[PDB]
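Worksheet: the structure to be examined is printed underneath.
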Amino acid sequence: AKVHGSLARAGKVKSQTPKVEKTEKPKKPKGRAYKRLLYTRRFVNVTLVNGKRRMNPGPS
Amino acid sequence: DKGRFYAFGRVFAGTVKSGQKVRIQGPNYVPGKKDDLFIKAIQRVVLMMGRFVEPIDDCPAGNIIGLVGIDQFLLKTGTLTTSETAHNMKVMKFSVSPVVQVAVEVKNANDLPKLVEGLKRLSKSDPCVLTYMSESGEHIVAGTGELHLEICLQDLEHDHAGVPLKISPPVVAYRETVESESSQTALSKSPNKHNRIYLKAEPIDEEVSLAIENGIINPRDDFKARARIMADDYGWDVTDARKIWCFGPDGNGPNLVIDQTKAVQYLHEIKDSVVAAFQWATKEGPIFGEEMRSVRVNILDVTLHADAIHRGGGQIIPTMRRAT
Amino acid sequence: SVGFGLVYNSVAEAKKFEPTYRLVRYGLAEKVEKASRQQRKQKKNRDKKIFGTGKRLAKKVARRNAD
Amino acid sequence: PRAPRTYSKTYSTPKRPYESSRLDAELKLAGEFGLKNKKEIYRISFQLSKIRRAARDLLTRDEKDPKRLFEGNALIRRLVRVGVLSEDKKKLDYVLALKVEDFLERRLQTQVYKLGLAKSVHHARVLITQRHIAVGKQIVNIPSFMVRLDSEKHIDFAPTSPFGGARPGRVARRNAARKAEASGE
Amino acid sequence: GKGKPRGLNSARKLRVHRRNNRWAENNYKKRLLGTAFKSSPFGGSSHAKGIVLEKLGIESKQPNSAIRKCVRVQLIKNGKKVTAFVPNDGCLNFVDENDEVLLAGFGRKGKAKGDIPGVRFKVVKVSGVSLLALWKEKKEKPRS
RNA sequence: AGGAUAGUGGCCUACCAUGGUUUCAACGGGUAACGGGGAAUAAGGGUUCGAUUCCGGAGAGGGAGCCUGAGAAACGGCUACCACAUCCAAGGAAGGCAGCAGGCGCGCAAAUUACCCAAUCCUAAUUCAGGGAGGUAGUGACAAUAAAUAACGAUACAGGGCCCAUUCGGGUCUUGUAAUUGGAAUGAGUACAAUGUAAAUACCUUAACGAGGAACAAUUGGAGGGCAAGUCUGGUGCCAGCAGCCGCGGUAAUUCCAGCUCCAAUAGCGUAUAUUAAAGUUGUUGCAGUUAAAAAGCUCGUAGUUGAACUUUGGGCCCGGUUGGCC
RNA sequence: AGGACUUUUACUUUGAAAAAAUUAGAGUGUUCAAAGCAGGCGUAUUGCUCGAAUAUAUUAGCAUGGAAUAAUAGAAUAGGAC
């Protein structure tokens with residue numbers, strides 16, 4: 001329909017976004033060493049059970 | 001052969017290699033940044049012979065040479081250093097710069113785009129020849145001298161685009177604007193007789209209109225902080241300074257629409273209609289559909305019929321344009 | 001270490017059946033060699049144009065060079 | 001022009017992508033059998049199915065038939081020579097039964113951990129890979145070697161690497177030269 | 001009875017009848033006629049390289065409001081008209097008309113991805129560098 | 001009947017009859033058509049694919065002709081045309097890479113003009129010659145199989161067993177997070193030597209160097225639902241854009257873009273297209289037709305599909321094989 | 001078996017008919033696996049032997065059997081069987 005759309009605003013977002021780098025995050029295990037990390041906290045250390053069951057939450 | 005072209009440059013230091021890693025320090029590239037940087041791999045090297053060449057794999061400092069393959073990555077003319085800490089060389093001089101100017105089209109418009117790659121081909125055929133677009137849908141061609149451009153036109157002619165071309169002087173555009181202020185308050189309502197609009201236009205200071213085109217006044221700045229900058233430095237009304245409504249056209253134009261009503265409880269309901277219709281207006285002006293520059297609007301008193309059903313985009317936009 | 005040995009009745013029957021590469025890999029005979037295959041194939045066809053020894057043709061070219 | 005090196009896939013992903021139930025049991029398997037790729041568990045079920053399948057097809061045929069006997073018996077007696085199938089159950093019906101846990105309970109990894117050796121289950125994997133343990137002396141760095149029982153008593157640090165003789169480690173020799181370099185003459 | 005004549009000597013009979021009602025099947029037609037190798041802008045092919053001609057500003061059909069940013073192109077292998085589309089934020093900042101391209105579909109087998117009117121082909125590569133590289137700044141666009 | 005053919009025959013030529021093919025779809029047309037073996041997908045039933053490691057077939061720029069020879073309509077043979085295309089001193093000459101590499105072009109797209117007969121086989125007069133068949137190395141993420149990126153102590157320390165409790169609880173089974181830390185465990189590499197090979201690099205071997213987060217670091221995608229996994233933060237304000245459909249943003253967005261945390265899979269994941277299952281959404285298996293899409297206006301009637309029952313059935317004897325108790 | 005004329009088909013039975021490589025699949029510790037088709041053992045100081053299975057091999061075609069089933073034919077101015 002409208003062919004001659006204005007394109008002087010395109011890219012607005014990925015332009016003035018607060019440039020926040022990636023904080024110092026320690027290396028995590030890759031491969032088999034990973035299932036180790038997952039399994040030890042996903043089952044061995046477990047999480048909550050408010051009602052039925054949960055996983056990744058938020059700050060409250 | 002095949003459509004590839006070996007670069008032409010002099011070695012200032014170092015010995016060239018067939019597949020050497022070097023960094024391109026483009027005309028805007030600077031060591032402390034990353035813009036115009038291109039650390040690529042040459043395919044091989046070649047030594048000149050008048051019109052033909054022969055594959056020389058190495059060459060020393062001070063002796064001029066040819067670096068083939070890096071064509072599709074450079075920026076026409078640039079520095080090639082494998083040393084990152086290296087500053088940017090001196091950026092030529094020439095002393096000529098674009099002055100000649102024409103317009104190009106076709107006698108057969110169905111293959112018109114083949115003519116445009118002929119234009120990009122000319123850039124990739126000469127040094128100081130500069131091809132660009134006009135603010136009126138034409139492909140302005142500029143250069144050194146009249147014959148220069150004509151030989152470059154004979155190039156675009158037979159070779160590059162290789163098709164029928166129409167040449168005319170560069171068709172200009174003269175920014176429609178105002179000398180005085182709106183004599184009286186202009187009145188206009190919907191084709192569906194009801195809701196009216198009242199305004200008057202005045203000459204904006206290029207000091208600030210140029211401040212638009214230099215990052216001082218942005219259509220999305222601090223109505224509070226930018227108010228201090230236009231009241232203390234530009235002597236405007238800090239009242240409507242925070243009341244600015246839109247930058248027409250393209251959403252950043254040298255023209256602005258300003259709030260000044262008092263008893264209109266429903267003004268914000270038609271703003272979108274106003275800002276976009278104000279664009280269609282500053283786009284094609286009455287005189288001869290020419291964009292506006294340093295053109296301001298003082299929206300005085302605007303009455304809107306009861307419910308927003310008749311006070312809607314479908315009929316307000318036609319009123320605003322006519323009121324402006 | 002699964003290898004594969006060969007005990008010949010005599011050393012004579014060795015340089016008879018035993019393929020070159022093995023016995024040469026040892027150091028029985030001297031490193032026998034000719035030009036590379038690219039030199040050999042190219043040299044092969046050049047000699048395929050010339051008929052017979054025809055050294056009078058190489059002498060015939062020693063004629064175009066004096067005439 | 002040579003000849004076909006007949007390829008074929010050993011595993012088989014599920015007709016479903018994210019079925020809650022199915023994912024919870026298999027992660028607990030990578031903690032009980034210290035695996036890392038579902039492909040490693042899939043691979044099991046695939047071979048498990050091919051088995052279960054031919055078993056079924058043969059299971060349908062008229063009993064006493066040469067096939068149900070040949071293909072059948074010979075088969076059963078193999079899953080057994082690998083110690084997966086129970087000796088008691090020799091009517092290919094425990095095979096139809098079974099479960100990944102059983103076929104996976106006979107891997108070099110599970111036995112390397114159960115036969116003590118590398119203490120923890122995973123620490124067992126850390127060694128198999130770091131060249132250790134062997135068959136009749138045929139060292140292996142394949143944590144999924146499939147212990148078949150007739151090789152279960154031969155499981156032990158192969159003649160290579162410490163804990164089985166040979167020359168210990170290069171860090172130990174460096175520690176010896178680092179010990180005599182610090183204090184000595 | 002009910003329809004299909006359950007007979008032992010009506011093979012070809014049930015055959016014809018079958019092939020017939022096979023033509024009423026959507027995807028069967030597209031094949032037994034080569035709709036792709038004739039009309040489909042990408043005649044029997046998957047992706048395709050071309051030349052960017054115009055930086056369109058295509059509108060969005062209800063109920064969403066905003067401009068999409070598509071590109072009408074002339075494919076090299078046909079030249080046929082295709083009003084393509086471009087993904088990610090901006091991109092057009094580093095796209096530029098008359099540049100090389102490589103397009104594909106919207107897993108729709110024709111059809112529009114949704115809100116975008118008619119557009120049946122979106123971009124993947126440009127100048128031979130691809131979006132991601134220029135969208136994550138892992139390289140800059142050449143002299144293409 | 002003859003002719004031509006290695007040979008049968010309208011293969012071809014005389015003379016003669018009027019015939020032969022067709023709703024069981026001939027003929028004409030399309031084929032993004034070499035067939036067949038077989039590949040992909042799978043509950044069965046089907047569906048789609050099969051240029052391509054083999055087999056029969058056909059062609060060598062598009063043809064037609066033909067020498068030799070047992071064998072060719074060969075073209076890494078030739079003659080002519082057509083399209084081509086290269087050399088020249090200008091009179092002439094030569095050439096087809098749908099053989100192996102390689103260059104242009106064509107493109108979504110596809111590797112080195114490197115080594116060699118040692119294997120495999122063939123050809124030849126024929127053990128010794130030759131084979132850009134083929135064998136090897138390079139490039140290589142079309143598929144395929146295995147699996148590194150660390151593991152055990154461990155100290156500060158809470159949790160859940162317990163013999164123990166007024167209540168000043170040790171410590172007792174340990175589960176981890178630990179910015180204290182502790183050494184062995186190492187192939188990915190590097191490198192004597194040997195092995196391998198036709199020669200060598202690499203697979204397999206192995207001195208000497210080689211792991212402590214700044215390593216020798218694994219990523220691609222996603223987190224409303226569908227579909228497993230945040231209503232958390234900062235900018236965004238129906239703009240930018242996402243959105244495989246439904247659907248997100250219009251100033252507090254679980255769906256935007258970045259932070260953080262986290263998830264599905266893992267050296268593979270995402271992309272597109274194609275095809276299968278799904279799809280009982282193609283139906284013999286196994287659909288629907290009153291209103292959802294659909295019973296011809298009615299009947300006749302082909303071809304097709306299909307069509308009642310009725311014809312030594314039944315009784316008697318004996319025996320040779322394989323299951324089981326059983327004795 | 002030199003010989004004389006016989007109801008046919010369709011359906012069904014076992015075998016056969018076949019190029020393998022591939023499919024299923026035997027067996028066998030390529031360090032394991034897709035593989036591959038190898039090995040395994042002795043006086044390891046003059047050798048012994050097991051292999052490299054079977055089936056599907058689909059449609060038409062071929063050979064035996066069956067005689068239920070779909071048909072089919074036979075003696076009428078007697079075109080009769082013996």
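Ordering of the structure tokens sets the chain letters (A, B, ...); residue numbers start at 1 within each chain; ligands are numbered from 1 in the order shown.
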
*Would you mind listing what lies within 12 Å of residue D:164 as a VMD selection string, with only C-alpha atoms (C1' of nucleotides) counted and same-chain residues fewer than 4 positions away left out?*
chain D and resid 117 131 to 134 137 155 to 160 168

- Considering only C-alpha atoms (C1' of nucleotides), return as a ChimeraX atom specification whatever protein or nucleic-acid residues lie within 10 Å of stretch 295-307 of chain F, sequence-local ones (same chain, fewer than 3 positions apart) excluded. /E:5-10,13 /F:23-24,289

Practice problem: Specify as JSON, numbers by chain all residues of chain E found within 12 Å of chain B, counting only C-alpha atoms. | Solution: {"E": [51, 52, 53, 54, 73, 74, 76, 79, 97, 98, 99, 100, 127, 128, 129, 137, 138, 139, 140, 141, 142, 143, 144]}

**Prompt:** Tell me, which residues of stretch 67-246 of chain B carry DSSP helix (DSSP H, G or I), written as a PyMOL selection string?
**Reply:** chain B and resi 71-73+109-123+146-158+206-212+225-231+238-241

Write out as an mmCIF file with N, CA, C and O atoms, in the first residue's frame which residues come within 12 Å of residue B:207 when counting only C-alpha atoms (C1' of nucleotides), dropping same-chain ones fewer than 4 positions away.
```
data_model
loop_
_atom_site.group_PDB
_atom_site.id
_atom_site.type_symbol
_atom_site.label_atom_id
_atom_site.label_comp_id
_atom_site.auth_asym_id
_atom_site.auth_seq_id
_atom_site.Cartn_x
_atom_site.Cartn_y
_atom_site.Cartn_z
ATOM 1 N N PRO B 203 8.524 33.903 11.207
ATOM 2 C CA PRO B 203 9.921 33.608 10.812
ATOM 3 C C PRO B 203 10.833 33.126 12.011
ATOM 4 O O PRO B 203 11.129 33.902 12.946
ATOM 5 N N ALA B 211 20.305 25.321 14.562
ATOM 6 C CA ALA B 211 20.514 24.662 15.897
ATOM 7 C C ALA B 211 19.745 23.285 15.882
ATOM 8 O O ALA B 211 20.048 22.361 16.658
ATOM 9 N N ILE B 212 18.754 23.211 14.989
ATOM 10 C CA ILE B 212 17.945 21.996 14.741
ATOM 11 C C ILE B 212 18.922 20.991 13.996
ATOM 12 O O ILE B 212 19.142 19.836 14.431
ATOM 13 N N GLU B 213 19.527 21.531 12.928
ATOM 14 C CA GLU B 213 20.473 20.832 12.017
ATOM 15 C C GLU B 213 21.946 20.745 12.606
ATOM 16 O O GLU B 213 22.899 20.448 11.856
ATOM 17 N N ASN B 214 22.102 21.008 13.912
ATOM 18 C CA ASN B 214 23.434 20.932 14.591
ATOM 19 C C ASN B 214 23.305 20.247 16.019
ATOM 20 O O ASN B 214 24.231 20.332 16.854
ATOM 21 N N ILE B 216 21.384 20.990 18.693
ATOM 22 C CA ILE B 216 21.011 21.825 19.860
ATOM 23 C C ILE B 216 19.490 21.540 20.187
ATOM 24 O O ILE B 216 19.159 21.038 21.277
ATOM 25 N N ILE B 217 18.603 21.847 19.229
ATOM 26 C CA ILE B 217 17.151 21.595 19.401
ATOM 27 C C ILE B 217 16.766 20.279 18.614
ATOM 28 O O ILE B 217 16.810 20.207 17.368
ATOM 29 N N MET B 230 17.302 27.948 25.063
ATOM 30 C CA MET B 230 16.570 28.722 24.024
ATOM 31 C C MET B 230 15.951 30.040 24.608
ATOM 32 O O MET B 230 15.506 30.907 23.838
ATOM 33 N N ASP B 233 19.950 31.883 25.737
ATOM 34 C CA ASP B 233 20.845 31.956 24.547
ATOM 35 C C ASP B 233 20.064 32.329 23.217
ATOM 36 O O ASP B 233 20.607 33.039 22.347
ATOM 37 N N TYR B 234 18.817 31.859 23.084
ATOM 38 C CA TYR B 234 18.039 32.115 21.844
ATOM 39 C C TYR B 234 16.800 33.079 22.042
ATOM 40 O O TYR B 234 16.002 33.255 21.106
ATOM 41 N N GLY B 235 16.663 33.687 23.226
ATOM 42 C CA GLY B 235 15.556 34.618 23.471
ATOM 43 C C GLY B 235 14.130 34.285 22.974
ATOM 44 O O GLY B 235 13.451 35.141 22.370
ATOM 45 N N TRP B 236 13.675 33.051 23.244
ATOM 46 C CA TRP B 236 12.311 32.551 22.866
ATOM 47 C C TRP B 236 11.381 32.522 24.162
ATOM 48 O O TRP B 236 11.816 32.877 25.284
ATOM 49 N N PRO B 254 13.396 21.743 9.616
ATOM 50 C CA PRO B 254 13.607 23.104 10.171
ATOM 51 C C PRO B 254 12.296 23.886 10.592
ATOM 52 O O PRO B 254 12.362 25.027 11.091
ATOM 53 N N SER B 294 12.607 27.056 8.228
ATOM 54 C CA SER B 294 12.441 28.174 9.225
ATOM 55 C C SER B 294 10.942 28.717 9.178
ATOM 56 O O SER B 294 10.697 29.936 9.141
#
```
